[PDB]
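Lettering follows sequence order; numbering is per chain, from 1.
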Amino acid sequence: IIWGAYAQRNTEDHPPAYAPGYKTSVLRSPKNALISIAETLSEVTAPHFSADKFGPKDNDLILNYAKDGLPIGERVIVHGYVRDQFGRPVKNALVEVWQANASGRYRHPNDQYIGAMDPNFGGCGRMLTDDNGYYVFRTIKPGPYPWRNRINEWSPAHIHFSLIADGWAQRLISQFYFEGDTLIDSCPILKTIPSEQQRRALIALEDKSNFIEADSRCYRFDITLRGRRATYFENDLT
Amino acid sequence: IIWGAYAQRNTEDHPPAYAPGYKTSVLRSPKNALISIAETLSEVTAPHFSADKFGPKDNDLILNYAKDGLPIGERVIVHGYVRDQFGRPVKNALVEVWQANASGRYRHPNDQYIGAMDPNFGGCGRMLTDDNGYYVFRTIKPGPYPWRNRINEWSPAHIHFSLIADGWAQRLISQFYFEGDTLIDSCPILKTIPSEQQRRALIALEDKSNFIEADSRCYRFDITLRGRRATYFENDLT
Amino acid sequence: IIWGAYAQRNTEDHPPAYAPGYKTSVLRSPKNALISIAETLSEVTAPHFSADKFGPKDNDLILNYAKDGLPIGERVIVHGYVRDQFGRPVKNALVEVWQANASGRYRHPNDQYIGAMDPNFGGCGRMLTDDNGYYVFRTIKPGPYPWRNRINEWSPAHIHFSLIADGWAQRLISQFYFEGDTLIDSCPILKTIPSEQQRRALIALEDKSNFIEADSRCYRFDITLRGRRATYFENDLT
Amino acid sequence: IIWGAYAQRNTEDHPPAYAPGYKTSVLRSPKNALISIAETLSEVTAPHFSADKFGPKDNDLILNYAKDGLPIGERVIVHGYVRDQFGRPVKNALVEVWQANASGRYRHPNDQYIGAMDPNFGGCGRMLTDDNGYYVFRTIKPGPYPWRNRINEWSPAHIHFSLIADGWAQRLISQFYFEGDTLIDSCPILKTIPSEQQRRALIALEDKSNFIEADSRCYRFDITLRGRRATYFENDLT
Amino acid sequence: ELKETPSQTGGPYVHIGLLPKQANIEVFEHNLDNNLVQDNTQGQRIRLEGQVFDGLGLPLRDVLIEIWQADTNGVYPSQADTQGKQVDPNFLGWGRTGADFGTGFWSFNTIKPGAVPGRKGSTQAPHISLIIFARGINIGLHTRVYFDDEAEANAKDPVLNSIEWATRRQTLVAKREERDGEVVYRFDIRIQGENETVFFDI
Amino acid sequence: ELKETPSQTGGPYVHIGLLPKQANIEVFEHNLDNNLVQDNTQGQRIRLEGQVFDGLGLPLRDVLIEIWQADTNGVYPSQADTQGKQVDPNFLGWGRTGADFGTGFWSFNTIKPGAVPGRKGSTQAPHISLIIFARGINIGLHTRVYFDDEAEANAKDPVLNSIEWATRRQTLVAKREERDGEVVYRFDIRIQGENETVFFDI
Amino acid sequence: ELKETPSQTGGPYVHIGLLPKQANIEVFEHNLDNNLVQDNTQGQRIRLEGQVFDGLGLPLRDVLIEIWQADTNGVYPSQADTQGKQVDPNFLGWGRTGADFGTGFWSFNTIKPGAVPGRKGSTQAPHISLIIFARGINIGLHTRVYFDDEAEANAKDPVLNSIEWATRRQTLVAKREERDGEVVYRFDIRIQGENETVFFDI
Amino acid sequence: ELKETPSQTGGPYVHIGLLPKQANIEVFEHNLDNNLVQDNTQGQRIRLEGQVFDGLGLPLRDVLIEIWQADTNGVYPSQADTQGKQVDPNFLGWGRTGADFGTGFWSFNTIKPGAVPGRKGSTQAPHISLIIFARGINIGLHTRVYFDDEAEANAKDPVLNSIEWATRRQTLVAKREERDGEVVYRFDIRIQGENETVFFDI
Ligand SMILES: [Fe+3]
Ligand SMILES: [Fe+3]
Ligand SMILES: [Fe+3]
Ligand SMILES: [Fe+3]
């Protein structure tokens with residue numbers, strides 16, 4: 001199999017850069033259209049991260065920052081599969097996540113909300129997907145976060161994530177929400193995505209059969225990245 | 001106006017005593033039918049509690065147990081109206097509430113779940129409704145609670161409540177849930193209630209216009225108690 | 001009762017500033033997003049106008065400018081209630097209105113339409129709402145007004161209005177239309193409002209039971225302003 | 001992969017123990033609720049049966065009891081897949097089946113129905129599923145069986161089956177029916193199952209493409225057992 | 001018209017909100033309790049005590065109980081009482097207690113109530129109204145406590161006489177005992193089984 | 001709950017209903033105007049003036065402006081003011097004016113306001129709240145006017161400090177000038193473009 | 001995800017498919033039975049016997065029983081056992097029997113099991129897992145058999161201690177007897193009524 | 001077929017998950033950073049630095065940047081590189097940094113890359129691929145960094161030549177400077193406005 005280029009990004013499946021309802025995008029969006037290019041080796045390659053460097057608790061947000069005790073909040077496991085748009089598993093991709101604590105408070109110098117900080121929660125983790133494209137991490141369900149877009153803006157509970165996989169073209173950062181949160185229908189950042197079906201693609205589902213008795217609930221969330229086409233005739237990449 | 005008896009309790013609007021899906025009800029439910037009686041002064045009177053005895057933080061679950069700092073979790077206000085079945089406001093009724101903390105952990109000697117205890121949260125409050133039947137309290141949204149009915153049973157997030165009002169016949173204890181929690185459809189205690197419309201009567205609604213910017217969300221929850229009929233002919237109570 | 005801030009303005013319930021179909025908005029709309037602030041005393045106070053200064057015909061557009069006779073046109077009464085978003089009446093609010101005459105002609109130096117001027121009609125009035133939030137004025141139904149947006153633009157018959165009430169944050173200017181006018185579906189100013197339900201909120205309804213025989217028809221039009229939340233815990237306004 | 005416990009049995013997907021329409025369950029059902037326990041090694045292990053001990057005709061109910069000739073009746077093949085609730089194949093599970101002959105008569109000392117016995121049919125078989133979870137056996141389609149629940153009770157044609165697989169918790173006995181039998185809607189044993197979708201899960205489907213010309217018809221029937229969750233954090237089993 | 005909010009069990013941690021001291025939660029200055037006798041309270045002091053038993057004959061060690069009763073003269077300390085009589089001013093008429101977590105015993109320090117008017121000119125025998133809440137119990141169970149030394153009034157009581165299975169009336173009669181000078185009434189409640197206590201829909 | 005009535009532009013004839021004298025309509029005996037100083041009004045008299053510019057840099061010659069402000073001691077003449085202080089009794093706190101149809105200049109004769117309490121114990125710098133209505137403007141634009149001679153208070157003002165792009169704070173500072181003994185503050189508003197005036201959602 | 005296939009009673013002819021010799025059907029060369037002791041099997045030989053009683057106190061004469069247990073050292077002969085220990089190689093760990101059609105007695109010839117690790121580092125007391133299938137029983141009933149001569153280990157067993165109604169724990173303890181040199185454990189099962197045997201959802 | 005998961009802004013706290021040390025979170029032993037030069041790394045060392053500016057000409061003080069590039073010989077350290085050449089073994093090819101919260105400056109210590117094959121037998125000029133993430137940015141913005149001392153190769157580069165508005169090509173050329181013996185390339189990015197940096201859809 002000789003791989004050709006990644007399939008084109010479908011711009012209609014993503015938010016536009018300019019979205020006036022999300023106020024900070026007004027001065028941080030280009031006025032010019034993006035210039036599309038044909039892919040080269042630069043766009044189809046990406047770095048490799050070895051599992052060797054990762055600590056044992058890197059995917060355990062419940063324990064990786066715990067000092068005197070356990071963090072306060074809802075114990076949950078999140079797992080799923082990362083696949084490309086042709087359904088092939090994405091192997092050894094780097095997944096990085098970050099989130100607020102159970103109060104909706106972020107451990108960051110620029111976050112000053114009155115929701116309490118948790119001395120035993122950090123809010124960041126990472127993992128590499130396995131050969132089936134599978135990932136799993138454990139954490140505290142974050143609380144909804146108030147912010148100033150309009151003065152009384154509230155985002156639904158969410159976990160931010162980032163993926164670095166096989167090709168630079170696949171580079172992606174997004175966030176997922178939890179099934180049933182009523183704030184999902186009011187979030188102006190979620191509303192930058194044009195279609196309802198793509199908005200639903202960011203919702204992690206309750207996975208009741210995988211709950212662990214007297215311990216933790218579980219959410220199922222799959223991620224889809226751009227995929228490469230196979231070449232059977234001329235190979236123009238190089 | 002001369003008051004007669006309370007309207008009959010509609011047994012079809014409540015759970016039966018025997019509900020085998022809620023296991024502990026099997027040995028704690030009478031085998032005999034309840035004996036209905038005609039009401040007397042004993043059933044239509046009830047005690048009076050004076051506001052004078054209540055502390056200033058009795059309805060503030062966020063601060064009434066706080067020692068070194070604030071409790072960890074989602075800051076929420078819950079408010080609503082208590083009315084009788086004829087729509088009249090219930091004045092000066094005693095409302096008592098209790099709940100688990102943000103981890104789904106109760107501050108009780110018999111609760112041993114691994115979800116962390118919060119040194120600054122107690123989980124109980126009380127208030128008297130005002131002359132319009134209105135009540136308001138503030139708290140931390142509780143986390144869903146695991147328990148052993150079937151081994152992997154999980155109840156949705158909820159706040160337990162109790163009402164002592166004008167007549168002993170009105171005496172009631174129940175609990176409310178928060179709009180959108182996906183565990184509501186699986187709870188075997190909620191399923192003891194026969195009809196769907198009564199199950200929905202225990203769901204507190206998101207009240208977005210009453211959210212307080214960069215501070216707290218808000219839920220709206222109204223309670224309905226049995227009501228007394230007015231008498232215009234013979235008064236048989238005495 | 002201790003009042004806190006007004007509920008946030010829901011920007012999705014109003015027209016955007018930039019609406020290219022309404023041509024003059026293109027150079028008169030900010031390019032930057034509005035900066036939301038938390039309210040202070042400046043935003044929750046407003047002036048008080050005494051009824052003492054108002055003339056007896058100030059709410060009678062049929063007679064307040066009449067010199068030699070009555071104005072030509074359809075005699076109509078418009079009445080309604082002004083309430084805040086929580087349904088509370090808005091007491092002693094200043095309502096000012098202005099409109100074109102029966103020909104669709106405005107009494108203004110910059111209006112040069114061929115529709116005839118009426119020597120007995122001025123086109124402006126004012127009133128204070130009463131303690132129930134009620135208002136009533138009488139006038140001539142205005143005729144639809146031609147203008148140059150596209151060259152053959154016609155607005156439906158309408159009356160412009162302005163409200164100054166309890167808090168500066170409530171400050172509002174809008175206009176209402178009359179039920180059934182076919183031009184309502186083509187007006188580019190009405191189309192700047194995004195949702196159909198908000199567009200319908202500007203339509204005054206025929207109020208047949210309040211018509212006065214052999215005298216005047218009647219329209220019913222209610223106005224809703226932003227409302228203040230009540231505070232039960234910390235009062236941060238000051 | 002480190003296996004944790006089997007997922008909880010969903011009691012709502014099975015018949016209750018007490019089902020008064022099936023008369024013998026009235027004195028053979030516990031009055032107490034079942035006591036749920038957390039699983040240990042005892043619940044997740046099970047015996048292993050070697051194929052070596054099985055005879056060549058053990059899954060051929062048409063020939064395994066044939067002495068002077070072939071049994072009378074409809075020649076049918078039944079095949080399918082046994083999977084766990086997560087869709088993984090169940091390998092080397094012991095499947096045992098038993099049924100009445102073509103007259104609806106069982107070869108058992110306690111069965112005295114007038115439907116004729118067949119000297120060449122026994123009515124029992126067994127097999128081990130293969131590595132894909134696949135099973136196949138051949139038999140005579142049983143006739144519907146009359147019995148005394150109400151005096152004129154008739155069960156639809158069916159084959160009883162039993163599974164012993166990987167964990168004792170998976171232990172199961174049930175029965176399947178044949179597509180289209182009109183007695184399926186009247187069977188009081190089938191009606192002990194609460195939901196319609198679970199009742200349909202016991203119906204074997206006609207598999208026309210697998211019929212063998214001038215020989216035998218074929219039915220397709222898949223079985224689902226409880227499945228084990230995988231563990232990625234603490235392993236509490238031991 | 002509105003439907004009554006449906007009942008749900010109080011559950012095993014009902015002490016947190018209703019008897020915090022029992023859950024070891026000190027949050028309130030004034031805690032509601034099981035002592036209805038104040039220093040100037042009129043009437044004869046009595047102790048009411050017992051256990052609540054489940055269908056296996058075992059005590060509920062997580063049950064919460066409340067009682068509502070009239071004063072010594074049969075007047076309720078409630079604005080809904082229509083007798084036109086002055087009620088004892090140092091009497092709440094209500095108390096709440098929980099069974100001991102180890103033994104299941106519960107008790108109240110109270111006063112013996114006076115007779116209260118029944119319907120249509122009748123007179124009810126002295127009684128205490130009692131309600132039970134606990135895990136496993138979906139709707140609080142109402143019952144009444146009568147006194148064995150009021151045989152005469154009990155025989156004529158309208159409510160007891162409205163129970164048609166007469167052998168069941170005795171389950172509502174508490175037994176008088178005298179512990180070292182104190183008058184104690186023992187009232188055990190049996191939720192299920194033989195001698196099941198009568199429960200009312202009031 | 002109800003939704004707020006949606007806003008619509010005031011349009012080019014907004015003078016008819018709000019400044020009839022400017023449209024040459026004499027109908028009212030008492031006309032609301034741009035003079036907030038009454039004979040006994042306390043404080044230092046100042047004139048506030050400027051123009052409103054569109055995206056081509058041209059003045060809006062049909063814009064209507066209103067201001068709301070506190071008295072000389074920082075008290076609002078409104079029942080909603082909670083300071084518990086007596087407000088100047090000869091001060092409305094509000095005025096309305098329209099730009100001249102030929103030049104676009106607008107002005108108000110008013111008083112310089114005193115500092116008003118901000119949230120959570122803070123103190124706001126002296127300011128006037130101002131709103132703009134005109135054809136082309138779908139929702140009135142709110143902004144604030146601060147004074148360049150109050151550098152010290154401006155630097156500590158909560159609202160100005162909540163604008164994160166600091167170069168934009170200066171658009172809200174009016175310039176003090178002294179025309180023949182009168183104190184004049186010049187405040188030009190630029191609706192679009194370079195140096196666009198900050199507008200608030202209040 | 002898939003739902004588990006629903007259970008259905010085995011019915012009265014369950015012997016045909018599971019114990020054909022009892023239904024007088026000779027079809028298989030190797031028949032599964034109730035003898036778990038092979039010649040080289042390690043451990044102390046014991047006989048387990050009893051009857052199963054319905055709600056009228058009568059024996060089920062059509063019940064089928066199976067047991068699953070560890071070897072003498074507490075290791076299960078299953079690939080799912082994770083102890084890293086060698087299991088007795090001459091031990092299946094499972095057996096099946098049916099009650100006698102006339103008397104209802106059932107029995108197994110087996111070995112007394114060794115203690116097996118419980119969860120989180122605990123140790124379970126010796127036990128045999130047992131399941132019951134019969135006409136009238138819609139889902140096989142799981143229970144456990146403990147031994148009365150293991151008082152010490154029984155008192156500390158995690159499963160027995162997780163039954164909160166303590167009087168019910170004794171129904172899971174079989175009685176040791178010694179019939180002519182043989183060790184016999186009698187375990188009667190009572191499906192309904194007084195002394196109803198504890199059944200688990202495993 | 002599946003649709004790509006939609007992008008969402010990284011937001012202002014993107015440092016928590018991607019540069020924890022910058023948010024003052026010590027949780028990992030090995031932290032990804034902005035230093036691509038290891039001791040044995042081949043090639044000429046260079047520093048790449050600049051600021052990112054918004055539409056008001058102000059620096060983004062919360063932007064996160066990543067670069068991907070080839071080694072000194074123009075080979076990518078990725079299994080997807082098909083040149084059949086050995087890549088420098090002490091080179092990751094990638095780094096991540098965040099702008100300083102106070103000044104907005106960002107930088108990387110890296111190596112100058114060698115030329116990489118373009119499509120259909122062409123040769124691309126040396127370049128670094130760069131992506132920008134920040135609050136306000138809904139989808140990471142891709143751009144490329146070329147070097148002003150590679151005039152000759154830049155003029156023939158396929159990607160630069162595919163930008164039809166030729167005046168925009170210069171925004172992708174970084175300026176070489178020599179700070180005290182070190183080679184520094186300054187590359188400022190202007191998200192909006194005059195001299196807006198070219199962004200690609202790759
Ligand atoms: Fe976030
Ligand atoms: Fe609870
Ligand atoms: Fe108009
Ligand atoms: Fe059968």
- Message: Please classify the contact of D:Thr192 with chain G as side chain, backbone, both or neither, using a heavy-atom distance under 4.5 Å.
- Response: side chain
- Message: Could you check whether any side-chain N or O of G:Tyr13 sits under 3.5 Å from a backbone N or O of D:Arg107, counting only pairs where one atom can act as donor and the other as acceptor?
- Response: no
- Query: By a 4.5 Å heavy-atom criterion (distance strictly below it), what part of D:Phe176 contacts chain G: side chain, backbone, both, or neither?
  - Reply: neither
- Note on the structure: So, the part of D:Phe86 with a heavy atom under 4.5 Å from chain G: the answer is both
- How about residues 70-84 of chain G versus chain D: which residues have heavy atoms under 4.5 Å apart? G:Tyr76, G:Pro77, G:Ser78, G:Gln79, G:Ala80, G:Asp81, G:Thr82, G:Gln83
- Task: Give a yes or no answer on whether the side chain of G:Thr5 reaches the backbone of D:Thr224 with a donor-acceptor pair at less than 3.5 Å.
- Result: yes
- Donor-acceptor pair between G:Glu1 and D:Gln85 side chains, under 3.5 angstrom: yes
- Query: Which atoms of D:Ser162 come close to chain G, meaning under 4.5 Å heavy atom to heavy atom: side chain ones, backbone ones, both, or neither?
  - Reply: side chain
- Query: Which bit of D:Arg199 is near chain G, if near means a heavy-atom gap under 4.5 Å: side chain, backbone, both or neither?
  - Reply: neither
- Item | Cationic N near anionic O, under 4.0 Å, D:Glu12 to G:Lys3 | no
- Item | Engaged part of D:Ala17 at the chain G interface, taking heavy atoms whose separation is under 4.5 Å | backbone
- Note on the structure: Bottom line for D:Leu202: the part with an atom under 4.5 Å from chain G's heavy atoms is side chain
- Greater than 12 external heavy atoms within 6.0 Å of G:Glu164's CD: yes
- Message: Does any part of the side chain of G:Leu18, heavy atoms only, come nearer than 4.5 Å to the side chain of D:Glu96, both counted from C-beta?
- Response: yes
- Message: I need the residue from G:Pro6, G:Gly11, G:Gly17 with the largest number of non-hydrogen atom pairs under 4.5 Å to chain D.
- Response: G:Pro6
- Is it the backbone or the side chain of D:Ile2 that comes under 4.5 Å from a heavy atom of chain G, or both, or neither? neither
- Heavy-atom proximity to chain G below 4.5 Å, by part of D:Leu61: neither
- With side-chain contact (heavy atoms from CB on, under 4.5 Å) as the test, would you mind laying out the steps for G:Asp62 and D:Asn110 before giving the verdict? CA-CA 10 Å; G:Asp62 50 12; D:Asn110 300 155; 5.6 Å; no
- Exam field: side chain G:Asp54 to backbone D:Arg28, donor-acceptor pair closer than 3.5 Å: no
- Item | Plane angle bin for G:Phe101 and D:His108 - parallel if under 30°, tilted between 30 and 60°, otherwise perpendicular | tilted
